[PDB]
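Right, one structure below, let's go through it.
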Amino acid sequence: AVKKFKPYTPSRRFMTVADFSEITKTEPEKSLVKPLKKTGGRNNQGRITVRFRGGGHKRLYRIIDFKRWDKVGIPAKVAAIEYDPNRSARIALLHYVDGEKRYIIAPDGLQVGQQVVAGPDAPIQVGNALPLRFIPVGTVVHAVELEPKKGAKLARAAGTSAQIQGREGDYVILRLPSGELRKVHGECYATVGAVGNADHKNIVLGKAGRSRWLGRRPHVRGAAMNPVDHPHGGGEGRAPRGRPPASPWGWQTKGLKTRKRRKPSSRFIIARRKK
Amino acid sequence: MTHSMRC
Amino acid sequence: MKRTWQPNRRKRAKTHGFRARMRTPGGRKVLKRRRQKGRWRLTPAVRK
RNA sequence: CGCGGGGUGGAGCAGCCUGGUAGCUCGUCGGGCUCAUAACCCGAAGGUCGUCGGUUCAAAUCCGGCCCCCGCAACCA
RNA sequence: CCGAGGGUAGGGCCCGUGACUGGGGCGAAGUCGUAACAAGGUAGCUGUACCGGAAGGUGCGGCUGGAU
RNA sequence: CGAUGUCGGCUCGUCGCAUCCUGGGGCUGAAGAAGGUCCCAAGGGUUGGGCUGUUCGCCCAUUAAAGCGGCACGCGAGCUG
RNA sequence: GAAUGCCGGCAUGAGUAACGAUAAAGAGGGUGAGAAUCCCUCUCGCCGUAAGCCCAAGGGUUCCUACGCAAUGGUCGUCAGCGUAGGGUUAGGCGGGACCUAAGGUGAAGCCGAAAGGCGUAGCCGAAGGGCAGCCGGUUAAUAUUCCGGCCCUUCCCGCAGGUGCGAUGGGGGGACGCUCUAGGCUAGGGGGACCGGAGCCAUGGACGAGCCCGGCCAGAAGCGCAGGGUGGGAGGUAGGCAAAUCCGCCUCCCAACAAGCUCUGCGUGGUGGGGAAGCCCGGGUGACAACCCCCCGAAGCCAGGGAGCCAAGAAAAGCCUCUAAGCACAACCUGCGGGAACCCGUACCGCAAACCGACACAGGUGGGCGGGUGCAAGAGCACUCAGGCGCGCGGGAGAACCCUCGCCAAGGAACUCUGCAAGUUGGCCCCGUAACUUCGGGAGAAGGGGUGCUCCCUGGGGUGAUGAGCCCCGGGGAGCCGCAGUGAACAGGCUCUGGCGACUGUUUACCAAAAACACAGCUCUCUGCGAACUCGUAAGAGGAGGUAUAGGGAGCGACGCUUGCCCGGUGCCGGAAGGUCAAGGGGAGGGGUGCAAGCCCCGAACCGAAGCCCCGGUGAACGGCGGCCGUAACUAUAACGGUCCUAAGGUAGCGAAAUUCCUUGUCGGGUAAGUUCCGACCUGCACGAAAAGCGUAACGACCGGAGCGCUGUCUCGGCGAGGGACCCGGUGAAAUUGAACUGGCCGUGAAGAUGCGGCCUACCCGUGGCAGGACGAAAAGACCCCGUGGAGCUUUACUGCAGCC
RNA sequence: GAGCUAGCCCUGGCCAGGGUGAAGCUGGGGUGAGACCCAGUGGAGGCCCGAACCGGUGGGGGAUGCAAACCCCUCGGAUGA
RNA sequence: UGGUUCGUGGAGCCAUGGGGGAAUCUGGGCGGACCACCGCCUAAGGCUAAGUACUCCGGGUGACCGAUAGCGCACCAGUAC
Ligand SMILES: [K+]
Ligand SMILES: [Mg+2]
Ligand SMILES: [Mg+2]
Ligand SMILES: [Mg+2]
Ligand SMILES: [Mg+2]
Ligand SMILES: [Mg+2]
Ligand SMILES: [Mg+2]
Ligand SMILES: [Mg+2]
Ligand SMILES: [Mg+2]
Ligand SMILES: [Mg+2]
Ligand SMILES: [Mg+2]
Ligand SMILES: [Mg+2]
Ligand SMILES: [Mg+2]
Ligand SMILES: [Mg+2]
Ligand SMILES: [Mg+2]
Ligand SMILES: [Mg+2]
Ligand SMILES: [Mg+2]
Ligand SMILES: [Mg+2]
Ligand SMILES: [Mg+2]
Ligand SMILES: [Mg+2]
Ligand SMILES: [Mg+2]
Ligand SMILES: [Mg+2]
Ligand SMILES: [Mg+2]
Ligand SMILES: [Mg+2]
Ligand SMILES: [Mg+2]
Ligand SMILES: [Mg+2]
Ligand SMILES: [Mg+2]
Ligand SMILES: [Mg+2]
Ligand SMILES: [Mg+2]
Ligand SMILES: [Mg+2]
Ligand SMILES: [Mg+2]
Ligand SMILES: [Mg+2]
Ligand SMILES: [Mg+2]
Ligand SMILES: [Mg+2]
Ligand SMILES: [Mg+2]
Ligand SMILES: [Mg+2]
Ligand SMILES: [Mg+2]
Ligand SMILES: [Mg+2]
Ligand SMILES: [Mg+2]
Ligand SMILES: [Mg+2]
Ligand SMILES: [Mg+2]
Ligand SMILES: [Mg+2]
Ligand SMILES: [Mg+2]
Ligand SMILES: [Mg+2]
Ligand SMILES: [Mg+2]
Ligand SMILES: [Mg+2]
Ligand SMILES: [Mg+2]
Ligand SMILES: [Mg+2]
Ligand SMILES: [Mg+2]
Ligand SMILES: [Mg+2]
Ligand SMILES: [Mg+2]
Ligand SMILES: [Mg+2]
Ligand SMILES: [Mg+2]
Ligand SMILES: [Mg+2]
Ligand SMILES: [Mg+2]
Ligand SMILES: [Mg+2]
Ligand SMILES: [Mg+2]
Ligand SMILES: [Mg+2]
Ligand SMILES: [Mg+2]
Ligand SMILES: [Mg+2]
Ligand SMILES: [Mg+2]
Ligand SMILES: [Mg+2]
Ligand SMILES: [Mg+2]
Ligand SMILES: [Mg+2]
Ligand SMILES: [Mg+2]
Ligand SMILES: [Mg+2]
Ligand SMILES: [Mg+2]
Ligand SMILES: [Mg+2]
Ligand SMILES: [Mg+2]
Ligand SMILES: [Mg+2]
Ligand SMILES: [Mg+2]
Ligand SMILES: [Mg+2]
Ligand SMILES: [Mg+2]
Ligand SMILES: [Mg+2]
Ligand SMILES: [Mg+2]
Ligand SMILES: [Mg+2]
Ligand SMILES: [Mg+2]
Ligand SMILES: [Mg+2]
Ligand SMILES: [Mg+2]
Ligand SMILES: [Mg+2]
Ligand SMILES: [Mg+2]
Ligand SMILES: [Mg+2]
Ligand SMILES: [Mg+2]
Ligand SMILES: [Mg+2]
Ligand SMILES: [Mg+2]
Ligand SMILES: [Mg+2]
Ligand SMILES: [Mg+2]
Ligand SMILES: [Mg+2]
Ligand SMILES: [Mg+2]
Ligand SMILES: [Mg+2]
Ligand SMILES: [Mg+2]
Ligand SMILES: [Mg+2]
Ligand SMILES: [Mg+2]
Ligand SMILES: [Mg+2]
Ligand SMILES: [Mg+2]
Ligand SMILES: [Mg+2]
Ligand SMILES: [Mg+2]
Ligand SMILES: [Mg+2]
Ligand SMILES: [Mg+2]
Ligand SMILES: [Mg+2]
Ligand SMILES: [Mg+2]
Ligand SMILES: [Mg+2]
Ligand SMILES: [Mg+2]
Ligand SMILES: [Mg+2]
Ligand SMILES: [Mg+2]
Ligand SMILES: [Mg+2]
Ligand SMILES: [Mg+2]
Ligand SMILES: [Mg+2]
Ligand SMILES: [Mg+2]
Ligand SMILES: [Mg+2]
Ligand SMILES: [Mg+2]
Ligand SMILES: [Mg+2]
Ligand SMILES: [Mg+2]
Ligand SMILES: [Mg+2]
Ligand SMILES: [Mg+2]
Ligand SMILES: [Mg+2]
Ligand SMILES: [Mg+2]
Ligand SMILES: [Mg+2]
Ligand SMILES: [Mg+2]
Ligand SMILES: [Mg+2]
Ligand SMILES: [Mg+2]
Ligand SMILES: [Mg+2]
Ligand SMILES: [Mg+2]
Ligand SMILES: [Mg+2]
Ligand SMILES: [Mg+2]
Ligand SMILES: [Mg+2]
Ligand SMILES: [Mg+2]
Ligand SMILES: [Mg+2]
Ligand SMILES: [Mg+2]
Ligand SMILES: [Mg+2]
Ligand SMILES: [Mg+2]
Ligand SMILES: [Mg+2]
Ligand SMILES: [Mg+2]
Ligand SMILES: [Mg+2]
Ligand SMILES: [Mg+2]
Ligand SMILES: [Mg+2]
Ligand SMILES: [Mg+2]
Ligand SMILES: [Mg+2]
Ligand SMILES: [Mg+2]
Ligand SMILES: [Mg+2]
Ligand SMILES: [Mg+2]
Ligand SMILES: [Mg+2]
Ligand SMILES: [Mg+2]
Ligand SMILES: [Mg+2]
Ligand SMILES: [Mg+2]
Ligand SMILES: [Mg+2]
Ligand SMILES: [Mg+2]
Ligand SMILES: [Mg+2]
Ligand SMILES: [Mg+2]
Ligand SMILES: [Mg+2]
Ligand SMILES: [Mg+2]
Ligand SMILES: [Mg+2]
Ligand SMILES: [Mg+2]
Ligand SMILES: [Mg+2]
Ligand SMILES: [Mg+2]
Ligand SMILES: [Mg+2]
Ligand SMILES: [Mg+2]
Ligand SMILES: [Mg+2]
Ligand SMILES: [Mg+2]
Ligand SMILES: [Mg+2]
Ligand SMILES: [Mg+2]
Ligand SMILES: [Mg+2]
Ligand SMILES: [Mg+2]
Ligand SMILES: [Mg+2]
Ligand SMILES: [Mg+2]
Ligand SMILES: [Mg+2]
Ligand SMILES: [Mg+2]
Ligand SMILES: [Mg+2]
Ligand SMILES: [Mg+2]
Ligand SMILES: [Mg+2]
Ligand SMILES: [Mg+2]
Ligand SMILES: [Mg+2]
Ligand SMILES: [Mg+2]
Ligand SMILES: [Mg+2]
Ligand SMILES: [Mg+2]
Ligand SMILES: [Mg+2]
Ligand SMILES: [Mg+2]
Ligand SMILES: [Mg+2]
Ligand SMILES: [Mg+2]
Ligand SMILES: [Mg+2]
Ligand SMILES: [Mg+2]
Ligand SMILES: [Mg+2]
Ligand SMILES: [Mg+2]
Ligand SMILES: [Mg+2]
Ligand SMILES: [Mg+2]
Ligand SMILES: [Mg+2]
Ligand SMILES: [Mg+2]
Ligand SMILES: [Mg+2]
Ligand SMILES: [Mg+2]
Ligand SMILES: [Mg+2]
Ligand SMILES: [Mg+2]
Ligand SMILES: [Mg+2]
Ligand SMILES: [Mg+2]
Ligand SMILES: [Mg+2]
Ligand SMILES: [Mg+2]
Ligand SMILES: [Mg+2]
Ligand SMILES: [Mg+2]
Ligand SMILES: [Mg+2]
Ligand SMILES: [Mg+2]
Ligand SMILES: [Mg+2]
Ligand SMILES: [Mg+2]
Ligand SMILES: [Mg+2]
Ligand SMILES: [Mg+2]
Ligand SMILES: [Mg+2]
Ligand SMILES: [Mg+2]
Ligand SMILES: [Mg+2]
Ligand SMILES: [Mg+2]
Ligand SMILES: [Mg+2]
Ligand SMILES: [Mg+2]
Ligand SMILES: [Mg+2]
Ligand SMILES: [Mg+2]
Ligand SMILES: [Mg+2]
Ligand SMILES: [Mg+2]
Ligand SMILES: [Mg+2]
Ligand SMILES: [Mg+2]
Ligand SMILES: [Mg+2]
Ligand SMILES: [Mg+2]
Ligand SMILES: [Mg+2]
Ligand SMILES: [Mg+2]
Ligand SMILES: [Mg+2]
Ligand SMILES: [Mg+2]
Ligand SMILES: [Mg+2]
Ligand SMILES: [Mg+2]
Ligand SMILES: [Mg+2]
Ligand SMILES: [Mg+2]
Ligand SMILES: [Mg+2]
Ligand SMILES: [Mg+2]
Ligand SMILES: [Mg+2]
Ligand SMILES: [Mg+2]
Ligand SMILES: [Mg+2]
Ligand SMILES: [Mg+2]
Ligand SMILES: [Mg+2]
Ligand SMILES: [Mg+2]
Ligand SMILES: [Mg+2]
Ligand SMILES: [Mg+2]
Ligand SMILES: [Mg+2]
Ligand SMILES: [Mg+2]
Ligand SMILES: [Mg+2]
Ligand SMILES: [Mg+2]
Ligand SMILES: [Mg+2]
Ligand SMILES: [Mg+2]
Ligand SMILES: [Mg+2]
Ligand SMILES: [Mg+2]
Ligand SMILES: [Mg+2]
Ligand SMILES: [Mg+2]
Ligand SMILES: [Mg+2]
Ligand SMILES: [Mg+2]
Ligand SMILES: [Mg+2]
Ligand SMILES: [Mg+2]
Ligand SMILES: [Mg+2]
Ligand SMILES: [Mg+2]
Ligand SMILES: [Mg+2]
Ligand SMILES: [Mg+2]
Ligand SMILES: [Mg+2]
Ligand SMILES: [Mg+2]
Ligand SMILES: [Mg+2]
Ligand SMILES: [Mg+2]
Ligand SMILES: [Mg+2]
Ligand SMILES: [Mg+2]
Ligand SMILES: [Mg+2]
Ligand SMILES: [Mg+2]
């Protein structure tokens, strides 16, 4: 339930902020944070390779347990749910009966004080992780490994989920957040339920500065530039595109497909996405 | 400045 | 107004200094040429 | 006397390119159906192709002058 | 001191008036189509919505004040 | 074209007369008053505003009259812009 | 003899401009060959959130002293940041290093690249960040947390004593963190005093006073006091912290909890050590056995790792503590004390500037700290002042034009002008009061008004203290006084109505454009399933992202409201296992050369044969595009209606003479005395129109238009006055330019605009202050324009390539 | 060559004073419980006024300059992109 | 594909990035497509003086310069700036 503001400034008219009402702990576990080297979208040559990045708030990275098969069989208690500035989801702090403390992505409806567990035998229960082959068909799942033991790769953004649709030998058929239908190996891990903080998409940044807080520097339209800069540059007065709408680098950007055709994962993509 | 603009 | 020369001793030694020149094929050519020309100084003066 | 396009039955359009053959829809007139009209059905008539002149055996058609009618252009200062 | 009233400034109500504009009523013999009255030739009416020179049409849901 | 700055305004004049006014005349379809037309005449005079960058022009209120043109479309080593 | 030639020398302009902030000078004495300019004194003026003081950069002897004055210094010079010489910088505690890590740099391992080289984990380097032990005073011509004095402290080594499972680059804890707001108690700093100390003073009418003036502290170890920060204890289990662990982490149990205990800071006190004014007399000495106390104000600093709230969620590593491993427990570590040991570099001076960056002793630029007092609501604002520092390195006169900056103005009040440009007005605070419209916040300081000084009297609450006095902070009422005037000086909105554009705060052409441009939240299309797409790179590798479709790239649109129509024929993109065409390759009908021949060699038709293209569809918030002629109504006029031709389809709503309208100052209405602009309309829209978005929209704007009120030197129309120049005298003394010149007017002539030719007219020789008509005046080998088979940026269905992709 | 300038990265620092008064919270009212209303408290914001500081809007001066972009008056931002 | 006079030419020879891939003299390469004949030569390992080039250095000599010339420098010059 996003929070709104009275129009006491021009920007507060529209600004919405997350309600943060699920967060129980407001500074991070000191043994599970590390420095996040800001990049400004510059590579190791020093060149901007992703335009319009930088200048955002300082952040500590929280180390997230994307494996969970690390600790098959060891129940953990949900100790706290916390803010994480490096992702859209919230994160949950597990106190394993081992003594080990780890973070995971906070699925929807997970509660402080409940217990979660990973493994083939885990109860079909929000927060438990299992290999996909043991999750019954139809179950809504998240934090999905894309290849066995390579780490949860799919459905990790706030609100997303993947639905199990069928099985076929060693493989399961998933419907991804995009709506694509894909084979994923049965031994791949996933966590029961959807990612939480589903209201994330309804936030209205409200003012330019709020984008700047996130590290997003202003985006300049190609039509605002000059011919040396961009296909859409130049012209007297305003100007329509005057050619198929293009990127700065000249490739077409309205419909031109860019997935590599001869890609091996094609044998596993059943249906391309939707909408 | 420059020149008188005789244009 | 603020002009272009803003002296900085660390900057001078780290940009034009002997060890900067020596680390790069272009820098070693600079010293080679300046020796052959007989320059009294191979590298700019900076007090450190 | 800047550059284009056009003028042909009553209206709007083919036919000109490639000289010999005027055509299509509506309209107009005579009949029919209807109590009557319209629609509909059956017939028919009307154009010497803006104009003058030339080429040719033969000109709406090809060439030159004139008349008329739309369209474009008129920049550097 | 109060004080008729005069002055400055800002409001509220009402009346008249205005290029132009909206639809309304009326007007013996205008132009277009034929929506409704018979099952009116697509039953009609209806709230709403969208569309169309015009009546109207169509969708959704509702009424019989609908015929056989 | 190894540069003769280009509109208008403001300022400052000066000249021509094919004269707008003022002075002198003739003719009149000149009764008077007022006009018309032509001749002589450049001494002096020839207003303030609204609009537009404007020149010009139209409008307002006057006036004896609200002249027309030349001076590198007079005048940017005088100003404006 | 010319090349706007090259190098140099010297002219002209010219004794001309200028001599660098309008903060300002005068006189006496001294020194000296020489004095407005150096030294001393008195007067005067200027800065005083600095124009004073302290750090850091940078500079590099500029510091101090003696002797100098050729040059440097915009004049002068005896002076100097100048010349010559001598002197001067003292650290275990300040800063940096023998400590730590950050971005980044480097880089054993490893990876990549024709070479050169590019990467790269750990590790190393890397600071103004973390860490770490010195305060006050005295002294030198010049250094001082450095020397000296007093009182403190740190590390290393060795010894003694007591204690202990000792031991680490390993495990863990800690270090360790944002923004805003902010409590309690203190310190810094400051105000006052009728109390304490002091050389004195009584003037000019008065005052010998509860008078004036000056001062009334600083540091300090343990201890103690105040205020704070940090911190649970014990036991059992234990599989996690990449070995081990008695540590930490998790579970259970008992006790303790707004405490306390232990510990760590800050402030106070504290043995002791210091300092100590005016005035006076020649930096000193005296004052002086100086006193050193009370009240108030009070931080943004301190306690600090404090508290609360919020979202954008806020370094590392070491020092330190704790745990154990090898090892070792004759060791080793901890605690206490003692002696010994303690290295390298900086340290002068300038430092908002005459010593730094600007070629200059240049009105510019330069990070951090302190920055007193009074009054004005507050304040670092403003005025005046303290401490301290200056009068800006040419002067003296005169009192023209003209220029600058400034003051005032009768009557009028925008008549000025492209434009109220400029300048008036308005101006703070308190109170009264305030409209359309609105997204309910606002619009708003709307507008418009009233109040403002001083004296006496009465009185309400707070802070400190004690509840009182005193000091201090907020008020309320009553009665009076003076002036032209009470935010009495200084600082300090003019307002309203109505359009266009852009939602808004922001951003931009460093140095002619700040805008309607860019950006912006938000909207839509599209790509991307993760070794993502995309981007940089030959590659490795990076970014994307330690992110994962509620995510990331690309494009357009641009808050928000209401909306966004028709065309897929061409181009694009998307889909299409057929068909057509299509390269290398396969295949080898059939030929050719040569040889005696086995053979060798060459050409080669059918046929198989990808992407692309064609072909079949889709697709508009993809590129784009959205008609013509003729006729028609019972007055006229105009056509709801019809006919026909064309197209892929003929522009919908909304808006419209518009940032778009050529004809145009369209037409009518409003406003004005008068309105090519403005506003409202109409619609034959030359040539609006729906995300190159269409129409609106509260609020916002150093945007652009139109109007009104207020007020004005803008103007009628100009006048006077101030100061800095201009002028004159002394000092110093440029410049562009310059074929040479003994350089007049008219009317002609001339390459067509003549000081220079002709004819006439006019004119003694030479300057000074002024004005700009001419010398086709100066400056710059015209930017416009053209020309050159000159150049460069840019574009595309120009040509031809290459990357990239298939 | 990024000691100028543009962007980003790391680590520090700075922003006098005044004004407005959001959410929340407490209390009161309200209702079946709510919504919600009033007061108090509270201290939000690319909020308001205004120094430092960052700018460069209009005009004037300067134009062989004090300056190869300055000076004066005025004006924009000043807790934030 | 490079090299050569050879720019695809009738294009051999020498070299080689890709694919296929021998034999040891009765083997193999060449004589400008190719074949025959006739001749030349021995690939896929290495080394090798001298004659050749240059002038920082030293000396000798000029129908070379003679201080704006000759080296940028006759001199405290790759300096001052
Ligand atoms: K041109
Ligand atoms: Mg809101
Ligand atoms: Mg609201
Ligand atoms: Mg939450
Ligand atoms: Mg850590
Ligand atoms: Mg990175
Ligand atoms: Mg790197
Ligand atoms: Mg990018
Ligand atoms: Mg970037
Ligand atoms: Mg989160
Ligand atoms: Mg994310
Ligand atoms: Mg898989
Ligand atoms: Mg959004
Ligand atoms: Mg951020
Ligand atoms: Mg964005
Ligand atoms: Mg943009
Ligand atoms: Mg552009
Ligand atoms: Mg542009
Ligand atoms: Mg470029
Ligand atoms: Mg290009
Ligand atoms: Mg391009
Ligand atoms: Mg374009
Ligand atoms: Mg453009
Ligand atoms: Mg255009
Ligand atoms: Mg443009
Ligand atoms: Mg186009
Ligand atoms: Mg394109
Ligand atoms: Mg691509
Ligand atoms: Mg898909
Ligand atoms: Mg600069
Ligand atoms: Mg700098
Ligand atoms: Mg330095
Ligand atoms: Mg430095
Ligand atoms: Mg540096
Ligand atoms: Mg470097
Ligand atoms: Mg170096
Ligand atoms: Mg090399
Ligand atoms: Mg040198
Ligand atoms: Mg030497
Ligand atoms: Mg060098
Ligand atoms: Mg016809
Ligand atoms: Mg034809
Ligand atoms: Mg024919
Ligand atoms: Mg016919
Ligand atoms: Mg008939
Ligand atoms: Mg009939
Ligand atoms: Mg015929
Ligand atoms: Mg009266
Ligand atoms: Mg009729
Ligand atoms: Mg019906
Ligand atoms: Mg009917
Ligand atoms: Mg019916
Ligand atoms: Mg019908
Ligand atoms: Mg329909
Ligand atoms: Mg010319
Ligand atoms: Mg010349
Ligand atoms: Mg010239
Ligand atoms: Mg005038
Ligand atoms: Mg008469
Ligand atoms: Mg006459
Ligand atoms: Mg006259
Ligand atoms: Mg006019
Ligand atoms: Mg006109
Ligand atoms: Mg008269
Ligand atoms: Mg004239
Ligand atoms: Mg003319
Ligand atoms: Mg003219
Ligand atoms: Mg002309
Ligand atoms: Mg002129
Ligand atoms: Mg001029
Ligand atoms: Mg002019
Ligand atoms: Mg001139
Ligand atoms: Mg001239
Ligand atoms: Mg102009
Ligand atoms: Mg000659
Ligand atoms: Mg010259
Ligand atoms: Mg030359
Ligand atoms: Mg020369
Ligand atoms: Mg000489
Ligand atoms: Mg010379
Ligand atoms: Mg000379
Ligand atoms: Mg001479
Ligand atoms: Mg002279
Ligand atoms: Mg002179
Ligand atoms: Mg001068
Ligand atoms: Mg000067
Ligand atoms: Mg000044
Ligand atoms: Mg002044
Ligand atoms: Mg002053
Ligand atoms: Mg004097
Ligand atoms: Mg002197
Ligand atoms: Mg002297
Ligand atoms: Mg002086
Ligand atoms: Mg003196
Ligand atoms: Mg005196
Ligand atoms: Mg120096
Ligand atoms: Mg001297
Ligand atoms: Mg001298
Ligand atoms: Mg001497
Ligand atoms: Mg000198
Ligand atoms: Mg000077
Ligand atoms: Mg002397
Ligand atoms: Mg010294
Ligand atoms: Mg010491
Ligand atoms: Mg050592
Ligand atoms: Mg290190
Ligand atoms: Mg390479
Ligand atoms: Mg380093
Ligand atoms: Mg350090
Ligand atoms: Mg830190
Ligand atoms: Mg100490
Ligand atoms: Mg001291
Ligand atoms: Mg112990
Ligand atoms: Mg921490
Ligand atoms: Mg941390
Ligand atoms: Mg203290
Ligand atoms: Mg005080
Ligand atoms: Mg003393
Ligand atoms: Mg004594
Ligand atoms: Mg502070
Ligand atoms: Mg602190
Ligand atoms: Mg805190
Ligand atoms: Mg926040
Ligand atoms: Mg690190
Ligand atoms: Mg052992
Ligand atoms: Mg032993
Ligand atoms: Mg050592
Ligand atoms: Mg020192
Ligand atoms: Mg300054
Ligand atoms: Mg100085
Ligand atoms: Mg310079
Ligand atoms: Mg000076
Ligand atoms: Mg004081
Ligand atoms: Mg005040
Ligand atoms: Mg002075
Ligand atoms: Mg000064
Ligand atoms: Mg005089
Ligand atoms: Mg007066
Ligand atoms: Mg007056
Ligand atoms: Mg008036
Ligand atoms: Mg008035
Ligand atoms: Mg006016
Ligand atoms: Mg203007
Ligand atoms: Mg005023
Ligand atoms: Mg005032
Ligand atoms: Mg109101
Ligand atoms: Mg109103
Ligand atoms: Mg209003
Ligand atoms: Mg409004
Ligand atoms: Mg309201
Ligand atoms: Mg007011
Ligand atoms: Mg108010
Ligand atoms: Mg009063
Ligand atoms: Mg008084
Ligand atoms: Mg009085
Ligand atoms: Mg104001
Ligand atoms: Mg804007
Ligand atoms: Mg804009
Ligand atoms: Mg707009
Ligand atoms: Mg808007
Ligand atoms: Mg702002
Ligand atoms: Mg500019
Ligand atoms: Mg420019
Ligand atoms: Mg420039
Ligand atoms: Mg400007
Ligand atoms: Mg502009
Ligand atoms: Mg602006
Ligand atoms: Mg822009
Ligand atoms: Mg915007
Ligand atoms: Mg969307
Ligand atoms: Mg690339
Ligand atoms: Mg990463
Ligand atoms: Mg929008
Ligand atoms: Mg934009
Ligand atoms: Mg609305
Ligand atoms: Mg529509
Ligand atoms: Mg299609
Ligand atoms: Mg289409
Ligand atoms: Mg298409
Ligand atoms: Mg194919
Ligand atoms: Mg098209
Ligand atoms: Mg087009
Ligand atoms: Mg119109
Ligand atoms: Mg419009
Ligand atoms: Mg238009
Ligand atoms: Mg017009
Ligand atoms: Mg016009
Ligand atoms: Mg008009
Ligand atoms: Mg009117
Ligand atoms: Mg209008
Ligand atoms: Mg019309
Ligand atoms: Mg477009
Ligand atoms: Mg447009
Ligand atoms: Mg509009
Ligand atoms: Mg609006
Ligand atoms: Mg508005
Ligand atoms: Mg604005
Ligand atoms: Mg603006
Ligand atoms: Mg105006
Ligand atoms: Mg006005
Ligand atoms: Mg005047
Ligand atoms: Mg004067
Ligand atoms: Mg004289
Ligand atoms: Mg002299
Ligand atoms: Mg001199
Ligand atoms: Mg001569
Ligand atoms: Mg002569
Ligand atoms: Mg003469
Ligand atoms: Mg003469
Ligand atoms: Mg002529
Ligand atoms: Mg002449
Ligand atoms: Mg003459
Ligand atoms: Mg002569
Ligand atoms: Mg002659
Ligand atoms: Mg003559
Ligand atoms: Mg003569
Ligand atoms: Mg004469
Ligand atoms: Mg003179
Ligand atoms: Mg003169
Ligand atoms: Mg002249
Ligand atoms: Mg002149
Ligand atoms: Mg002249
Ligand atoms: Mg000339
Ligand atoms: Mg001239
Ligand atoms: Mg020039
Ligand atoms: Mg040239
Ligand atoms: Mg030329
Ligand atoms: Mg030129
Ligand atoms: Mg030309
Ligand atoms: Mg050519
Ligand atoms: Mg040619
Ligand atoms: Mg060319
Ligand atoms: Mg820089
Ligand atoms: Mg601030
Ligand atoms: Mg309040
Ligand atoms: Mg609260
Ligand atoms: Mg603000
Ligand atoms: Mg305000
Ligand atoms: Mg600036
Ligand atoms: Mg002004
Ligand atoms: Mg200039
Ligand atoms: Mg000012
Ligand atoms: Mg502020
Ligand atoms: Mg402000
Ligand atoms: Mg910020
Ligand atoms: Mg070759
Ligand atoms: Mg060959
Ligand atoms: Mg053989
Ligand atoms: Mg053989
Ligand atoms: Mg061979
Ligand atoms: Mg051979
Ligand atoms: Mg051979
Ligand atoms: Mg051999
Ligand atoms: Mg000789
Ligand atoms: Mg010489
Ligand atoms: Mg020489
Ligand atoms: Mg010579
Ligand atoms: Mg030599
Ligand atoms: Mg030599
Ligand atoms: Mg030389
Ligand atoms: Mg030398």
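Side-chain atoms are counted along with the backbone in the values below, which use heavy atoms only and exclude waters and symmetry mates. Naming convention: chains lettered A, B, ... in sequence-line order (proteins, then strands); numbering from 1 in each chain.
Using a 4.0 Å cut-off between charged nitrogen and carboxylate oxygen, A:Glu180 and A:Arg273 do not count as a salt-bridge pair. A salt bridge is defined here as a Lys NZ or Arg NE, NH1 or NH2 lying under 4.0 Å from an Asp or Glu carboxylate O, and A:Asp98 with A:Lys71 meets this definition.
By the criterion of a centre-to-centre distance under 5.5 Å and near-parallel planes under 30°, the ring of A:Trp213 forms a stack with the base of G:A312. Stacking between A:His57 and the base of G:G314 is absent under the criterion of ring centres within 5.5 Å and planes under 30 degrees.
Within the structure, every side-chain polar atom (N or O) of C:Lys48 is placed at least 4.0 Å from both OP1 and OP2 of G:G346.
A stacking criterion of 5.5 Å and 30° is met by the six-membered base rings of adjacent nucleotides G:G336 and G:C337.
Of the candidates G:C311, H:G45, G:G314, the closest approach to any side-chain atom of A:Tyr83 belongs to G:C311.
Base contact: A:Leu154 has a heavy atom under 4.0 Å from a base atom. Residue A:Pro177 is classed as a base contact, given a heavy-atom separation below 4.0 Å to a base.
Glycosidic conformation, H:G3: syn, with the torsion inside 90° of 0.
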Nucleotides 502-518 of chain G: protein proximity per nucleotide (B base, S sugar-phosphate only, - neither; heavy atom, under 4.0 Å):
-BB------B-----SS
Could you pull out the protein-nucleic contacts involving nucleotides 124-126 of chain G (nitrogen or oxygen on both sides, under 3.5 Å)?
| residue | atom | partner | partner atom | Å |
| --- | --- | --- | --- | --- |
| G:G126 | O3' | C:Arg10 | NH2 | 3.3 |

